[PDB]
>>> print(open('model.cif').read())   # mmCIF, C-alpha atoms (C1' of nucleotides); chains and numbers go by the auth columns
data_final
loop_
_atom_site.group_PDB
_atom_site.id
_atom_site.type_symbol
_atom_site.label_atom_id
_atom_site.label_comp_id
_atom_site.label_asym_id
_atom_site.label_seq_id
_atom_site.Cartn_x
_atom_site.Cartn_y
_atom_site.Cartn_z
_atom_site.B_iso_or_equiv
_atom_site.auth_seq_id
_atom_site.auth_asym_id
ATOM 1 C CA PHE A 1 47.534 132.930 112.744 0.00 832 I
ATOM 2 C CA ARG A 2 50.603 131.118 111.373 0.00 833 I
ATOM 3 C CA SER A 3 53.092 133.434 113.102 0.00 834 I
ATOM 4 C CA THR A 4 55.231 132.170 115.978 0.00 835 I
ATOM 5 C CA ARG A 5 54.338 134.956 118.420 0.00 836 I
ATOM 6 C CA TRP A 6 50.736 133.769 118.005 0.00 837 I
ATOM 7 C CA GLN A 7 51.310 130.508 119.876 0.00 838 I
ATOM 8 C CA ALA A 8 54.063 132.156 121.936 0.00 839 I
ATOM 9 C CA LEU A 9 51.609 134.440 123.770 0.00 840 I
ATOM 10 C CA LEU A 10 48.699 131.981 124.007 0.00 841 I
ATOM 11 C CA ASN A 11 49.949 129.795 126.875 0.00 842 I
ATOM 12 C CA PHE A 12 50.626 132.614 129.353 0.00 843 I
ATOM 13 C CA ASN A 13 48.708 132.625 132.638 0.00 844 I
ATOM 14 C CA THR A 14 46.014 135.323 132.627 0.00 845 I
ATOM 15 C CA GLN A 15 42.354 135.580 133.601 0.00 846 I
ATOM 16 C CA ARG A 16 41.570 138.274 131.010 0.00 847 I
ATOM 17 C CA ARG A 17 42.728 139.746 127.707 0.00 848 I
ATOM 18 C CA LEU A 18 42.381 143.270 126.309 0.00 849 I
ATOM 19 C CA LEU A 19 43.211 144.129 122.694 0.00 850 I
ATOM 20 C CA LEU A 20 43.951 147.733 121.690 0.00 851 I
ATOM 21 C CA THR A 21 43.996 148.319 117.931 0.00 852 I
ATOM 22 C CA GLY A 22 43.250 151.188 115.582 0.00 853 I
ATOM 23 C CA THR A 23 41.004 149.216 113.208 0.00 854 I
ATOM 24 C CA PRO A 24 41.087 145.836 111.430 0.00 855 I
ATOM 25 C CA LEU A 25 40.373 145.109 107.769 0.00 856 I
ATOM 26 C CA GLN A 26 36.850 144.839 106.381 0.00 857 I
ATOM 27 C CA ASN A 27 37.331 141.899 104.006 0.00 858 I
ATOM 28 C CA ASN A 28 39.723 138.957 104.555 0.00 859 I
ATOM 29 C CA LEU A 29 37.742 137.261 107.314 0.00 860 I
ATOM 30 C CA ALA A 30 40.765 135.097 108.205 0.00 861 I
ATOM 31 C CA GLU A 31 42.465 137.862 110.198 0.00 862 I
ATOM 32 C CA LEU A 32 39.224 138.991 111.855 0.00 863 I
ATOM 33 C CA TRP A 33 38.524 135.400 112.888 0.00 864 I
ATOM 34 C CA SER A 34 42.162 135.220 114.018 0.00 865 I
ATOM 35 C CA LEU A 35 41.788 138.174 116.387 0.00 866 I
ATOM 36 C CA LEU A 36 38.581 136.497 117.556 0.00 867 I
ATOM 37 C CA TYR A 37 40.666 133.366 118.200 0.00 868 I
ATOM 38 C CA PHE A 38 43.297 135.169 120.271 0.00 869 I
ATOM 39 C CA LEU A 39 40.558 136.948 122.244 0.00 870 I
ATOM 40 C CA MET A 40 39.311 133.661 123.714 0.00 871 I
ATOM 41 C CA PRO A 41 39.735 130.138 122.251 0.00 872 I
ATOM 42 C CA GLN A 42 36.037 129.240 122.113 0.00 873 I
ATOM 43 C CA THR A 43 35.765 129.702 118.337 0.00 874 I
ATOM 44 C CA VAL A 44 35.806 126.910 115.754 0.00 875 I
ATOM 45 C CA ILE A 45 37.946 127.092 112.600 0.00 876 I
ATOM 46 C CA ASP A 46 34.936 127.674 110.333 0.00 877 I
ATOM 47 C CA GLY A 47 34.705 131.231 109.035 0.00 878 I
ATOM 48 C CA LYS A 48 33.118 130.218 105.737 0.00 879 I
ATOM 49 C CA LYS A 49 29.792 129.025 107.171 0.00 880 I
ATOM 50 C "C1'" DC B 1 112.839 155.015 151.678 0.00 1 M
ATOM 51 C "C1'" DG B 2 109.890 151.004 149.546 0.00 2 M
ATOM 52 C "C1'" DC B 3 108.085 145.240 150.105 0.00 3 M
ATOM 53 C "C1'" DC B 4 105.080 140.617 152.864 0.00 4 M
ATOM 54 C "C1'" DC B 5 100.953 140.278 155.385 0.00 5 M
ATOM 55 C "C1'" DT B 6 96.422 141.518 156.516 0.00 6 M
ATOM 56 C "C1'" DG B 7 91.844 143.239 155.732 0.00 7 M
ATOM 57 C "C1'" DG B 8 88.052 145.161 153.043 0.00 8 M
ATOM 58 C "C1'" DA B 9 85.590 144.573 148.750 0.00 9 M
ATOM 59 C "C1'" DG B 10 83.536 142.411 144.727 0.00 10 M
ATOM 60 C "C1'" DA B 11 81.852 139.003 141.859 0.00 11 M
ATOM 61 C "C1'" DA B 12 81.814 134.236 140.117 0.00 12 M
ATOM 62 C "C1'" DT B 13 80.088 129.632 141.637 0.00 13 M
ATOM 63 C "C1'" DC B 14 77.280 125.940 143.937 0.00 14 M
ATOM 64 C "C1'" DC B 15 73.372 124.284 145.209 0.00 15 M
ATOM 65 C "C1'" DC B 16 68.452 124.050 146.044 0.00 16 M
ATOM 66 C "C1'" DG B 17 63.675 124.660 144.560 0.00 17 M
ATOM 67 C "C1'" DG B 18 59.877 125.809 140.788 0.00 18 M
ATOM 68 C "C1'" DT B 19 57.217 125.297 136.614 0.00 19 M
ATOM 69 C "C1'" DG B 20 56.625 124.563 131.599 0.00 20 M
ATOM 70 C "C1'" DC B 21 57.893 121.165 127.782 0.00 21 M
ATOM 71 C "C1'" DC B 22 58.669 116.973 124.837 0.00 22 M
ATOM 72 C "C1'" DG B 23 60.346 112.424 123.281 0.00 23 M
ATOM 73 C "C1'" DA B 24 61.104 107.279 125.812 0.00 24 M
ATOM 74 C "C1'" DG B 25 58.720 103.952 126.198 0.00 25 M
ATOM 75 C "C1'" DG B 26 54.616 101.414 126.198 0.00 26 M
ATOM 76 C "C1'" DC B 27 50.987 99.622 123.611 0.00 27 M
ATOM 77 C "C1'" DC B 28 49.006 97.754 119.496 0.00 28 M
ATOM 78 C "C1'" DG B 29 48.849 96.014 114.391 0.00 29 M
ATOM 79 C "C1'" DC B 30 51.100 93.444 111.873 0.00 30 M
ATOM 80 C "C1'" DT B 31 54.198 90.343 109.440 0.00 31 M
ATOM 81 C "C1'" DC B 32 58.473 87.806 107.936 0.00 32 M
ATOM 82 C "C1'" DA B 33 63.023 85.529 108.611 0.00 33 M
ATOM 83 C "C1'" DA B 34 64.131 82.211 112.502 0.00 34 M
ATOM 84 C "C1'" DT B 35 63.089 77.520 113.892 0.00 35 M
ATOM 85 C "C1'" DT B 36 62.395 72.410 113.051 0.00 36 M
ATOM 86 C "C1'" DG B 37 62.983 68.725 110.480 0.00 37 M
ATOM 87 C "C1'" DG B 38 64.745 65.945 106.444 0.00 38 M
ATOM 88 C "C1'" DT B 39 68.303 65.095 102.797 0.00 39 M
ATOM 89 C "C1'" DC B 40 72.965 64.978 100.966 0.00 40 M
ATOM 90 C "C1'" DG B 41 77.661 64.871 100.084 0.00 41 M
ATOM 91 C "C1'" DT B 42 81.858 66.591 101.861 0.00 42 M
ATOM 92 C "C1'" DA B 43 85.979 68.715 104.097 0.00 43 M
ATOM 93 C "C1'" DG B 44 88.399 68.030 108.781 0.00 44 M
ATOM 94 C "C1'" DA B 45 90.420 65.359 112.274 0.00 45 M
ATOM 95 C "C1'" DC B 46 93.220 60.687 112.873 0.00 46 M
ATOM 96 C "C1'" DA B 47 96.602 58.413 111.877 0.00 47 M
ATOM 97 C "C1'" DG B 48 100.632 57.288 108.673 0.00 48 M
ATOM 98 C "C1'" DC B 49 104.804 57.838 107.184 0.00 49 M
ATOM 99 C "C1'" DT B 50 108.903 60.570 106.064 0.00 50 M
ATOM 100 C "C1'" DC B 51 112.389 63.711 105.959 0.00 51 M
ATOM 101 C "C1'" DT B 52 114.827 67.638 106.973 0.00 52 M
ATOM 102 C "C1'" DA B 53 116.291 71.743 108.982 0.00 53 M
ATOM 103 C "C1'" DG B 54 116.656 73.216 114.097 0.00 54 M
ATOM 104 C "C1'" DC B 55 119.276 71.860 118.286 0.00 55 M
ATOM 105 C "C1'" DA B 56 123.064 71.462 121.187 0.00 56 M
ATOM 106 C "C1'" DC B 57 128.059 71.541 120.764 0.00 57 M
ATOM 107 C "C1'" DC B 58 133.381 72.134 120.082 0.00 58 M
ATOM 108 C "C1'" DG B 59 137.144 74.889 118.855 0.00 59 M
ATOM 109 C "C1'" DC B 60 140.084 78.586 116.063 0.00 60 M
ATOM 110 C "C1'" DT B 61 139.909 83.634 115.016 0.00 61 M
ATOM 111 C "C1'" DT B 62 139.689 87.820 115.164 0.00 62 M
ATOM 112 C "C1'" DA B 63 136.909 92.171 116.816 0.00 63 M
ATOM 113 C "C1'" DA B 64 133.872 95.035 119.090 0.00 64 M
ATOM 114 C "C1'" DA B 65 133.243 96.402 124.463 0.00 65 M
ATOM 115 C "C1'" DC B 66 135.042 98.279 128.086 0.00 66 M
ATOM 116 C "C1'" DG B 67 137.710 101.032 131.541 0.00 67 M
ATOM 117 C "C1'" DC B 68 139.659 105.180 131.890 0.00 68 M
ATOM 118 C "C1'" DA B 69 141.998 109.719 131.251 0.00 69 M
ATOM 119 C "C1'" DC B 70 141.615 114.097 129.427 0.00 70 M
ATOM 120 C "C1'" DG B 71 138.651 118.162 128.040 0.00 71 M
ATOM 121 C "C1'" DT B 72 136.072 121.717 126.340 0.00 72 M
ATOM 122 C "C1'" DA B 73 131.886 123.502 125.219 0.00 73 M
ATOM 123 C "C1'" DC B 74 127.118 123.665 125.085 0.00 74 M
ATOM 124 C "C1'" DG B 75 122.881 122.906 128.515 0.00 75 M
ATOM 125 C "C1'" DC B 76 121.660 125.600 131.940 0.00 76 M
ATOM 126 C "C1'" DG B 77 120.877 129.336 135.239 0.00 77 M
ATOM 127 C "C1'" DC B 78 120.581 134.141 135.636 0.00 78 M
ATOM 128 C "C1'" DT B 79 119.565 138.878 134.072 0.00 79 M
ATOM 129 C "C1'" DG B 80 117.768 142.915 131.456 0.00 80 M
ATOM 130 C "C1'" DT B 81 114.632 144.227 127.574 0.00 81 M
ATOM 131 C "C1'" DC B 82 110.681 145.279 125.041 0.00 82 M
ATOM 132 C "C1'" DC B 83 106.697 144.261 122.638 0.00 83 M
ATOM 133 C "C1'" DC B 84 102.353 141.746 121.737 0.00 84 M
ATOM 134 C "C1'" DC B 85 98.281 139.841 122.748 0.00 85 M
ATOM 135 C "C1'" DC B 86 94.558 139.846 126.601 0.00 86 M
ATOM 136 C "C1'" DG B 87 90.961 142.583 128.873 0.00 87 M
ATOM 137 C "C1'" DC B 88 87.397 145.890 127.932 0.00 88 M
ATOM 138 C "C1'" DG B 89 84.573 149.352 125.858 0.00 89 M
ATOM 139 C "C1'" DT B 90 82.507 151.023 121.555 0.00 90 M
ATOM 140 C "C1'" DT B 91 81.026 149.987 116.242 0.00 91 M
ATOM 141 C "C1'" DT B 92 79.323 147.203 112.780 0.00 92 M
ATOM 142 C "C1'" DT B 93 77.105 143.027 110.511 0.00 93 M
ATOM 143 C "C1'" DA B 94 74.476 138.040 110.257 0.00 94 M
ATOM 144 C "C1'" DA B 95 70.570 136.064 111.028 0.00 95 M
ATOM 145 C "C1'" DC B 96 65.817 135.387 112.687 0.00 96 M
ATOM 146 C "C1'" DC B 97 61.084 136.605 111.701 0.00 97 M
ATOM 147 C "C1'" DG B 98 56.610 138.905 108.914 0.00 98 M
ATOM 148 C "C1'" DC B 99 54.594 139.444 104.198 0.00 99 M
ATOM 149 C "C1'" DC B 100 52.830 136.582 100.890 0.00 100 M
ATOM 150 C "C1'" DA B 101 52.460 131.579 98.802 0.00 101 M
ATOM 151 C "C1'" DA B 102 53.488 128.459 94.964 0.00 102 M
ATOM 152 C "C1'" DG B 103 55.829 124.269 92.901 0.00 103 M
ATOM 153 C "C1'" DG B 104 59.967 120.478 91.741 0.00 104 M
ATOM 154 C "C1'" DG B 105 63.052 116.881 90.782 0.00 105 M
ATOM 155 C "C1'" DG B 106 65.175 112.940 92.821 0.00 106 M
ATOM 156 C "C1'" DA B 107 65.390 108.935 95.707 0.00 107 M
ATOM 157 C "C1'" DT B 108 61.595 105.313 96.762 0.00 108 M
ATOM 158 C "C1'" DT B 109 58.624 101.541 95.796 0.00 109 M
ATOM 159 C "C1'" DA B 110 56.774 98.441 92.678 0.00 110 M
ATOM 160 C "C1'" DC B 111 56.720 96.086 88.412 0.00 111 M
ATOM 161 C "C1'" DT B 112 58.898 94.071 84.350 0.00 112 M
ATOM 162 C "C1'" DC B 113 61.837 91.511 81.122 0.00 113 M
ATOM 163 C "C1'" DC B 114 66.594 89.279 79.404 0.00 114 M
ATOM 164 C "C1'" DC B 115 70.885 87.691 79.212 0.00 115 M
ATOM 165 C "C1'" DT B 116 75.975 86.874 81.762 0.00 116 M
ATOM 166 C "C1'" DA B 117 77.633 83.808 84.247 0.00 117 M
ATOM 167 C "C1'" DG B 118 77.648 79.639 87.784 0.00 118 M
ATOM 168 C "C1'" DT B 119 78.020 74.870 86.954 0.00 119 M
ATOM 169 C "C1'" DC B 120 79.330 71.051 84.587 0.00 120 M
ATOM 170 C "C1'" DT B 121 82.323 69.100 81.170 0.00 121 M
ATOM 171 C "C1'" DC B 122 86.716 67.772 78.461 0.00 122 M
ATOM 172 C "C1'" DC B 123 90.952 69.063 75.916 0.00 123 M
ATOM 173 C "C1'" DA B 124 95.293 71.037 75.936 0.00 124 M
ATOM 174 C "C1'" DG B 125 99.752 73.366 77.476 0.00 125 M
ATOM 175 C "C1'" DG B 126 103.135 75.845 80.492 0.00 126 M
ATOM 176 C "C1'" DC B 127 105.678 77.170 84.015 0.00 127 M
ATOM 177 C "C1'" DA B 128 108.282 74.772 88.265 0.00 128 M
ATOM 178 C "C1'" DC B 129 111.992 71.766 87.859 0.00 129 M
ATOM 179 C "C1'" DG B 130 116.240 69.426 86.189 0.00 130 M
ATOM 180 C "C1'" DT B 131 120.351 70.057 83.595 0.00 131 M
ATOM 181 C "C1'" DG B 132 124.173 72.721 80.189 0.00 132 M
ATOM 182 C "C1'" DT B 133 127.159 76.094 80.024 0.00 133 M
ATOM 183 C "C1'" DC B 134 129.863 80.448 80.734 0.00 134 M
ATOM 184 C "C1'" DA B 135 131.312 84.460 84.234 0.00 135 M
ATOM 185 C "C1'" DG B 136 133.763 85.534 88.006 0.00 136 M
ATOM 186 C "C1'" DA B 137 136.686 84.472 91.600 0.00 137 M
ATOM 187 C "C1'" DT B 138 140.616 81.244 93.090 0.00 138 M
ATOM 188 C "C1'" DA B 139 145.049 79.057 93.487 0.00 139 M
ATOM 189 C "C1'" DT B 140 149.157 77.935 91.429 0.00 140 M
ATOM 190 C "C1'" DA B 141 153.761 77.370 87.447 0.00 141 M
ATOM 191 C "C1'" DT B 142 157.134 80.834 85.902 0.00 142 M
ATOM 192 C "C1'" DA B 143 160.566 83.831 83.776 0.00 143 M
ATOM 193 C "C1'" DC B 144 162.795 86.924 85.231 0.00 144 M
ATOM 194 C "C1'" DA B 145 164.571 89.803 89.429 0.00 145 M
ATOM 195 C "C1'" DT B 146 166.947 91.623 93.748 0.00 146 M
ATOM 196 C "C1'" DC B 147 170.516 90.348 97.801 0.00 147 M
ATOM 197 C "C1'" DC B 148 174.250 87.159 99.035 0.00 148 M
ATOM 198 C "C1'" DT B 149 178.407 84.790 98.209 0.00 149 M
ATOM 199 C "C1'" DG B 150 182.524 82.810 96.397 0.00 150 M
ATOM 200 C "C1'" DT B 151 186.020 84.646 94.011 0.00 151 M
ATOM 201 C "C1'" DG B 152 189.416 86.200 91.213 0.00 152 M
ATOM 202 C "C1'" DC B 153 191.836 90.332 90.572 0.00 153 M
ATOM 203 C "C1'" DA B 154 195.927 95.285 90.313 0.00 154 M
#
>>> encode(input="model.cif", output="structure tokens")
Amino acid sequence: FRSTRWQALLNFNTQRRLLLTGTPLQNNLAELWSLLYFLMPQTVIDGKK
DNA sequence: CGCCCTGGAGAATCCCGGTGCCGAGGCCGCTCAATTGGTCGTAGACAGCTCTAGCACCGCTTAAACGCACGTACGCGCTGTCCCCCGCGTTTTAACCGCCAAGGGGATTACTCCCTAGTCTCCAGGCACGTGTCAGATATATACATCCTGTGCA
């Protein structure tokens, strides 16, 4: 989430997003919630609830 | 046989939109030195008076400025040479980010004493000034010292 290319790709003009990945990690919910953030920005910052 | 003038080509530039991005300025919260007045004592302008070097000048007395004539030699124009850095393509490194997060010491702000010096005061003495005296530079007697002249001679 703290990387620069994170916010670099967020402001582009698109009506849809498609993520192609092999597999994410099981634990470390921060990166899972991060991919969920970059999917669409409807998610709050609370992953610990 | 080889050079100015023309034409084709190429690319570097100018200028006009076109959309994302961020700090200039506005707005507010706040807050502290400017403002107003009074007090107080103090140097600056106004004469006052004085005194002293600048001013304008006159006339010897050399001394640089100048006009010119000659001249010769280096600044300059021209020419041949050659070599060194620019233009460009290919190689090689510096720096940014991603990972993966922690502290660290030094200027800042606030508080806190404490003691060196401003201010006032009086006592003393020391260097700017007047005068004594020798050093150096100056102008003049002087005892010979070198031509000139009577002058006597062989």
>>> resolve_selection(input="model.cif", expression="the PyMOL selection byres ((chain M) within 10 of (chain I))", output="list in words")
residues 20, 97 and 98 of chain M
>>> atom_distance(input="model.cif", atom1="atom CA of residue 852 of chain I", atom2="atom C1' of residue 101 of chain M")
26.8 Å
>>> atom_distance(input="model.cif", atom1="atom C1' of residue 43 of chain M", atom2="atom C1' of residue 123 of chain M")
28.6 Å
>>> atom_distance(input="model.cif", atom1="atom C1' of residue 33 of chain M", atom2="atom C1' of residue 108 of chain M")
23.1 Å
>>> residues_around(input="model.cif", residues="residue 859 of chain I", least_positions_apart="4", cutoff="12 Å", atoms="only C-alpha atoms (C1' of nucleotides)", output="PyMOL selection string")
chain I and resi 855+863-865+878-879
>>> write_last_selection(input="model.cif", atoms="C-alpha atoms", output="PDB file, in the coordinates of the input")
ATOM      1  CA  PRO I 855      41.087 145.836 111.430  1.00  0.00           C
ATOM      2  CA  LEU I 863      39.224 138.991 111.855  1.00  0.00           C
ATOM      3  CA  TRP I 864      38.524 135.400 112.888  1.00  0.00           C
ATOM      4  CA  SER I 865      42.162 135.220 114.018  1.00  0.00           C
ATOM      5  CA  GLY I 878      34.705 131.231 109.035  1.00  0.00           C
ATOM      6  CA  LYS I 879      33.118 130.218 105.737  1.00  0.00           C
TER       7      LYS I 879
END
>>> residues_around(input="model.cif", residues="residue 849 of chain I", least_positions_apart="5", cutoff="12 Å", atoms="only C-alpha atoms (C1' of nucleotides)", output="ChimeraX atom specification")
/I:866-867,869-871
>>> axis_aligned_box(input="model.cif", around="segment 73-91 of chain M", padding_each_side="6 Å", output="lines of an AutoDock Vina configuration file")
center_x = 106.5
center_y = 137.0
center_z = 125.9
size_x = 62.9
size_y = 40.1
size_z = 31.4
>>> build_atoms(input="model.cif", residues="segment 859-874 of chain I", atoms="N, CA and C atoms", output="PDB file, keeping the file's coordinate frame")
ATOM      1  N   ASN I 859      38.734 139.905 104.038  1.00  0.00           N
ATOM      2  CA  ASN I 859      39.723 138.957 104.555  1.00  0.00           C
ATOM      3  C   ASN I 859      39.354 138.519 105.975  1.00  0.00           C
ATOM      4  N   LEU I 860      38.286 137.722 106.041  1.00  0.00           N
ATOM      5  CA  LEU I 860      37.742 137.261 107.314  1.00  0.00           C
ATOM      6  C   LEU I 860      38.712 136.391 108.105  1.00  0.00           C
ATOM      7  N   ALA I 861      39.818 135.955 107.498  1.00  0.00           N
ATOM      8  CA  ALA I 861      40.765 135.097 108.205  1.00  0.00           C
ATOM      9  C   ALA I 861      41.432 135.838 109.359  1.00  0.00           C
ATOM     10  N   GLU I 862      41.788 137.107 109.147  1.00  0.00           N
ATOM     11  CA  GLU I 862      42.465 137.862 110.198  1.00  0.00           C
ATOM     12  C   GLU I 862      41.485 138.325 111.271  1.00  0.00           C
ATOM     13  N   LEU I 863      40.259 138.679 110.873  1.00  0.00           N
ATOM     14  CA  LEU I 863      39.224 138.991 111.855  1.00  0.00           C
ATOM     15  C   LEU I 863      38.944 137.787 112.744  1.00  0.00           C
ATOM     16  N   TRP I 864      38.698 136.629 112.126  1.00  0.00           N
ATOM     17  CA  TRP I 864      38.524 135.400 112.888  1.00  0.00           C
ATOM     18  C   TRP I 864      39.765 135.048 113.693  1.00  0.00           C
ATOM     19  N   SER I 865      40.948 135.479 113.250  1.00  0.00           N
ATOM     20  CA  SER I 865      42.162 135.220 114.018  1.00  0.00           C
ATOM     21  C   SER I 865      42.185 136.046 115.297  1.00  0.00           C
ATOM     22  N   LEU I 866      41.908 137.349 115.188  1.00  0.00           N
ATOM     23  CA  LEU I 866      41.788 138.174 116.387  1.00  0.00           C
ATOM     24  C   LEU I 866      40.711 137.629 117.315  1.00  0.00           C
ATOM     25  N   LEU I 867      39.605 137.143 116.743  1.00  0.00           N
ATOM     26  CA  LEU I 867      38.581 136.497 117.556  1.00  0.00           C
ATOM     27  C   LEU I 867      39.112 135.231 118.222  1.00  0.00           C
ATOM     28  N   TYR I 868      40.053 134.536 117.577  1.00  0.00           N
ATOM     29  CA  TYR I 868      40.666 133.366 118.200  1.00  0.00           C
ATOM     30  C   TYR I 868      41.528 133.771 119.387  1.00  0.00           C
ATOM     31  N   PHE I 869      42.399 134.766 119.197  1.00  0.00           N
ATOM     32  CA  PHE I 869      43.297 135.169 120.271  1.00  0.00           C
ATOM     33  C   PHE I 869      42.562 135.855 121.413  1.00  0.00           C
ATOM     34  N   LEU I 870      41.372 136.406 121.162  1.00  0.00           N
ATOM     35  CA  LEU I 870      40.558 136.948 122.244  1.00  0.00           C
ATOM     36  C   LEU I 870      40.296 135.865 123.284  1.00  0.00           C
ATOM     37  N   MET I 871      39.506 134.860 122.913  1.00  0.00           N
ATOM     38  CA  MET I 871      39.311 133.661 123.714  1.00  0.00           C
ATOM     39  C   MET I 871      39.196 132.477 122.768  1.00  0.00           C
ATOM     40  N   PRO I 872      39.728 131.300 123.147  1.00  0.00           N
ATOM     41  CA  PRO I 872      39.735 130.138 122.251  1.00  0.00           C
ATOM     42  C   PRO I 872      38.462 129.295 122.325  1.00  0.00           C
ATOM     43  N   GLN I 873      37.307 129.948 122.214  1.00  0.00           N
ATOM     44  CA  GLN I 873      36.037 129.240 122.113  1.00  0.00           C
ATOM     45  C   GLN I 873      35.580 129.035 120.675  1.00  0.00           C
ATOM     46  N   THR I 874      36.253 129.648 119.707  1.00  0.00           N
ATOM     47  CA  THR I 874      35.765 129.702 118.337  1.00  0.00           C
ATOM     48  C   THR I 874      36.293 128.529 117.521  1.00  0.00           C
TER      49      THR I 874
END
